[PDB]
């Protein structure tokens, strides 16, 4: 727990500024790099700061540092859905070689897109190759709508997933539901 990140999970709307906090206890630390990791990818250094410094800025990203409080914070101004990922903060002492970076447990960031005029509707799809196979689809719903989870032992629901079509700047949400049972409607869920 040498490096403590906060919050454990962060979700913001697009355009808003995402704030990722972190604190430490050992006065030895003098180097604090932030690593960005997209799903299915490895961590990459985004921006770093030294304890002798008070603020580090790189484009839309900015690090605020408090040496006396042994706390720091990462601000993503005008956050975009593209930069939505898990962010790790590390810590080093001498900042020389064998720095021995102490890693934070990371903070997962999700940047929700502003969708104007949502038209939430549920549609049922079908697999022609195999009859009596029911599929449920929830789409065009608003982003603050919390997708319900249910354990019916045989029924499965996917997490929400933001979609982007290149035609007519307008983002869309989507959810998937299915069951091993032959007959069941998507209307009631």
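Positions refer to the first chain, counted from 1.
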item: 112-120 versus 82-90 - greater average Cα B-factor per the deposited record; value: 112-120
item: Residue stretch of maximal mean CA temperature factor, 135-143 vs 150-158; value: 150-158
item: Top Cα B factor in the deposited entry, candidates 17, 23, 9, 181; value: 181
item: Chain thirds of CA B-factor: placement of residue 96; value: highest
item: Ranked C-alpha temperature factor of residue 127 among modelled chain residues, by third; value: lowest
item: CA B-factor ranking of residue 41, expressed as a third of its chain; value: lowest
item: Among modelled residues of the same chain, the CA temperature factor third for residue 164; value: highest
